[PDB]
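J.: before the rest arrives, take these chain(s) from the complex:
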Amino acid sequence: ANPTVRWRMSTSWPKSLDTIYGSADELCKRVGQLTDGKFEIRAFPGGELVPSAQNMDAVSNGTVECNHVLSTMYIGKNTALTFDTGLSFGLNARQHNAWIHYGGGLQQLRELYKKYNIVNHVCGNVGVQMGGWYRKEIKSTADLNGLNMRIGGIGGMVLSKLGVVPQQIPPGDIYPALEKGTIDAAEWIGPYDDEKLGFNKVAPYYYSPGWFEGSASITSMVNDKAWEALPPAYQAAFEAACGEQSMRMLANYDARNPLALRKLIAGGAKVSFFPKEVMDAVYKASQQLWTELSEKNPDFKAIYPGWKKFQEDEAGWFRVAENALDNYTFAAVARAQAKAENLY
């Protein structure tokens, strides 16, 4: 019989986010079901076992067996981690999971993570994020200069090029900073989570889109010795649960975000698109950053050329069919809705 195994999972999230934290809980729950309770993983909210800033190191050290994180919180350690979470203007969620599981990505990331005593698993995605919450209007790239912005992931490094001062403030600590004015702006994820955390109460302007990542993919880093110690059925249980949550976390966001955005607008949130001039500047800054990271970090250089070719192939294909139909359907659905609303 397979042994009884007890793990701790240190997440980076508050329990109140029944989207991203809820998915960590589901993951743990499913592993229990699969192993008849013998493989017991207990999830902990951000900051409870260690500060979320320490969640990668805590796994590498064996302090906890695994975590549930945004890997590019740890770009200070290695910027190549951005291939795991997502690059600015990068792959969308579909394309990212394609790259990871059938495009050779997982193997390249496993090699990277091995250096830090980690076996990595993709275990979620939150899709395209919003552009965040701003106290003052963003009219041009000039408005970014000197901006104190809470932002997670590689997009902070991009925005730095345009004068933004970024901070990866943990989610539960964003609101007081925004309320006090020690930051001017904050992005987190999207309508459902953002409404829960309360940012609309203290910033009137909500921009789109969150170009910061093509999709923000979520990772469970596992300690290599903890992983190797598992029997094959338990390794499979963890893999399968992660694969399943790679669909379910985003399914929950997709299900919950629309009503949340409706509520936000009804409550007074002013929602609009970033100006084209801003989009073009942050796109240009992104591309410059990849050149710089390739030249500075051999681990980034090793992955980028193949990743870029994969994005070129994926974007080209999605323009042919996937996005051709979605563009048509979304517009037709909107027209039909407008027609019904105006039928009186």
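T.: Yes, it's here. Numbers count the residues shown, from 1 in each chain, chains lettered A, B, ... in the order given.

J.: what kind of secondary structure is the closest residue to residue A:194 other than its chain neighbours in?
T.: Excluding its sequence neighbours, the residue lying closest to residue A:194 (C-beta to C-beta, 6 or more residues apart in numbering) is residue A:188, at 5.4 Å. (Each C-beta comes from the backbone N, C-alpha and C, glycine too.) Under DSSP: H, G, I helix; E, B strand; the rest coil, residue A:188 falls in the coil class.

J.: Go ahead and confirm residue A:188 touches residue A:172.
T.: No - counting by C-beta atoms under 8 Å, residue A:188 stays clear of residue A:172, with 10.4 Å between them.

J.: Tell me the residues that contact both of the two, please.
T.: Between them, residue A:188 and residue A:172 share these contacting residues under C-beta atoms under 8 Å, 6 or more residues apart in numbering: residue A:197.

J.: With neighbour numbers in mind, choose between these two.
T.: More neighbours surround residue A:188 than the other of residue A:188 and residue A:172, with 23 against 17 (other C-beta atoms under 10 Å).

J.: Pull the contacting residues for the more buried one.
T.: A:129, A:132, A:150, A:152, A:171, A:174, A:194, A:197, A:199.

J.: Please repeat the previous calculation with a cut-off of 10 Å.
T.: The neighbours of residue A:188, taking C-beta atoms under 10 Å, 6 or more residues apart in numbering as the test, are A:17, A:126, A:129-130, A:132-133, A:150-152, A:169, A:171, A:174-175, A:194, A:196-197, A:199, A:210.

J.: What segments of the stretch 101-250 of chain A are strands?
T.: A:118-125, A:132-134, A:148-150, A:165-167, A:185-186, A:205-208, A:217-223 (DSSP state E, counting those that start in this stretch).

J.: Quick one: neighbours of the nearest residue to residue A:283 once chain neighbours are set aside, just the number.
T.: In this structure, residue A:283 finds its nearest non-sequential neighbour in residue A:89, 5.7 Å apart by C-beta to C-beta, 6+ apart. Using other C-beta under 10 Å, residue A:89 has 18 neighbouring residues.

J.: just so I know, which of the strands of the stretch 101-250 of chain A lies nearest residue A:321?
T.: Distances from residue A:321 to each of the strands of the stretch 101-250 of chain A were compared using C-beta to C-beta; the minimum, 21.5 Å, belongs to strand A:118-125.

J.: between the closest one and strand A:217-223, how many degrees?
T.: Strand A:118-125 runs at 150 degrees relative to strand A:217-223, counting by axes from the mean of the first three to the mean of the last three C-alpha atoms, to 10 degrees.

J.: What strands flank strand A:118-125, and is each parallel or antiparallel?
T.: Partners of strand A:118-125 in the sheet, by DSSP bridges, are strand A:217-223 (antiparallel).

J.: so what's the residue nearest the centre of chain A closest to, chain neighbours aside?
T.: Among the residues of chain A, the one closest to the centroid is residue A:216, at 2.4 Å (C-alpha atoms, centre = their mean). Nearest residue to residue A:216, sequence neighbours excluded (C-beta to C-beta, 6+ apart): residue A:126, at 4.9 Å.

J.: first vs last residue of stretch A:204-221, how far apart are they?
T.: 37 Å (C-alpha to C-alpha, to the nearest Å).

J.: Then stretch A:212-228?
T.: OK, stretch A:212-228 end separation, C-alpha to C-alpha: 35 Å.

J.: try stretch A:218-227
T.: Stretch A:218-227: ends 19 Å apart by C-alpha to C-alpha.

J.: also put chain B on there:
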Amino acid sequence: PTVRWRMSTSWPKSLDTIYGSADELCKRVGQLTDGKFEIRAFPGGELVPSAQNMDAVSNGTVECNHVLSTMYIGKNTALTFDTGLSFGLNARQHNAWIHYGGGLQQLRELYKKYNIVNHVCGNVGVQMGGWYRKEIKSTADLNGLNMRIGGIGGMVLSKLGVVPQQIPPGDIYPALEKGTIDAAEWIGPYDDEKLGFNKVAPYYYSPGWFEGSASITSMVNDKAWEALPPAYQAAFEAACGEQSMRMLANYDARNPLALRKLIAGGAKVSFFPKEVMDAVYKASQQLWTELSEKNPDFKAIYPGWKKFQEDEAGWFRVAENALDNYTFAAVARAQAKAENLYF
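T.: This next block brings in chain B, placed alongside the chains you saw above:
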């Protein structure tokens, strides 16, 4: 406990995308149970004709299948909510509806009538529009067309004078070669190239509006399901949930190279005219009204499903589609600029 199941799929083994996903599913269930829960997948037609795969599960001939549920619209057209409606939800939205929008529970009530416990276990995304001998310049070119097409889109196209046939995948090419059909859609570049349609039809149209996404189902005999211990049920559910991501991830990875190969070999890739798109969209909407009036099981699901699509499309237009449209265009522009070509 050693449990041995047969899974009757609808697909040729050569499709290492959709059939390979069925194999992966079975393989994962084995891993999760240390070999104890053994499911063996069989290609289309091997145990029963794929046209019989739903009935073979209902009457317990096999424990489960791996199918396009709208192959069986002749039995109940409300099955289209499982697979997908024409101009329906995209894959993400469909999985959202199923798992967090109440879709799965509504489908379970429908399927119980047929002694089935259903699980979503894959998706092939937005399909291509198919293979044609003659250009499609207007809806007039659809009138009288003999077309191989799977799923509810065949019913939509019937309204424009198409005669649809749900010919099994391994039998499409000979019909197209011989000329007993004028046109055929299957799925997309990787599978279509594998099956060989480009050898006998010059025109490849886009997009396959037939489903917003073609979702794949494993129908499980309800007595076979009920007998399983909880860990084995969880193994099957998790394997299905994982393949709901992995099958489409494999198609996404493979399709771009296959399309390049197809074009390099002479396939002419074209978009349906706006006039055709508008016509099939209109016919789709007319069909849902008719199916709602004729089939109480369809009427029961449609209003809530429609509201869910409205909510989803409204939200995706704000951020998801805004960034995808910007990025896909930027990637193309950068490609052109690298070759000193105009974009």
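
J.: The contacts of residue A:188 with chain B there, same question as before?
T.: Counting by C-beta atoms under 10 Å, 6 or more residues apart in numbering or on different chains, residue A:188 touches A:17, A:126, A:129-130, A:132-133, A:150-152, A:169, A:171, A:174-175, A:194, A:196-197, A:199, A:210.

J.: same deal with residue A:87?
T.: Residues counted as contacts of residue A:87 (C-beta under 10 Å, 6+ apart) are A:72, A:96, A:153-155, A:158, A:212-214, A:286, A:289-290, A:293, A:304, A:307-308, A:311.

J.: Buried among those? Need that as a selection in PyMOL.
T.: Only the buried entries of these go into this PyMOL selection, using 16 or more other C-beta atoms under 10 Å in any protein chain shown:
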select buried, chain A and resi 72+96+153+154+155+158+212+213+214+286+289+290+293+304+307+311
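
J.: Sort out for me which of the contacts of residue A:87 are in helices.
T.: Residues from the contacts of residue A:87 lying in helices, with DSSP state H as the criterion: A:96, A:155, A:158, A:286, A:289-290, A:293, A:304, A:307-308, A:311.

J.: what's the burial count for residue A:299?
T.: Summarising burial for residue A:299: neighbours were counted as other C-beta atoms under 10 Å in any protein chain shown, giving 17.

J.: Next: residue A:292.
T.: Residues lying near residue A:292 (other C-beta under 10 Å) number 14.

J.: quick one: it and residue A:160 touch, right?
T.: No - Residue A:292 lies out of contact with residue A:160 (C-beta atoms under 10 Å); the separation is 11.3 Å.

J.: Do a quick rundown of the helices in the stretch 1-150 of chain A.
T.: Ranges of helices in the stretch 1-150 of chain A, per DSSP state H, counting those that start in this stretch, are A:20-34, A:55-60, A:82-85, A:93-102, A:105-114.

J.: got the angle between the fourth one and helix B:91-100?
T.: Think helix A:93-102. 90 degrees.

J.: residue farthest from the centroid of chain A?
T.: Largest separation from the mean C-alpha position in chain A: residue A:344, at 43.0 Å (C-alpha atoms, centre = their mean).

J.: Let me see the contact set for that residue.
T.: By C-beta under 10 Å, 6+ apart, residue A:344 lies in contact with nothing.

J.: Surely it is within a strand?
T.: No - the assignment for residue A:344, made by three-state DSSP, is coil rather than a strand.

J.: give me the subset of the ones in helices among the contacts of residue A:87 touching chain B.
T.: Restricting the ones in helices among the contacts of residue A:87 to those touching chain B (C-beta under 10 Å from any C-beta of the partner chain) yields A:96, A:286, A:308, A:311.

J.: The first one reaches residue A:126, doesn't it?
T.: No - checked against C-beta under 10 Å, the pair residue A:96 and residue A:126 is beyond contact range at 11.6 Å.

J.: Are there residues contacting both of these two? Which ones?
T.: Taking C-beta under 10 Å, 6+ apart as the criterion, residue A:96 and residue A:126 both touch A:86, A:213, A:215-217.

J.: out of the residues you listed, which touch chain B?
T.: Applying C-beta under 10 Å from any C-beta to the shared contacts of residue A:96 and residue A:126, those adjacent to chain B are A:213, A:215.

J.: what's the most distant pair in the shared contacts of residue A:96 and residue A:126?
T.: Maximum distance among the shared contacts of residue A:96 and residue A:126 (C-beta to C-beta): 7.7 Å, for A:213 and A:217.

J.: Now do residue A:263 against chain B, distance only.
T.: Distance, residue A:263 to chain B, using C-beta to the nearest C-beta, to the nearest Å: 12 Å.

J.: Could you do residue A:203 as well?
T.: According to C-beta to the nearest C-beta, residue A:203 stands 17 Å off from chain B.

J.: Since that was my last question, I'll sign off now.
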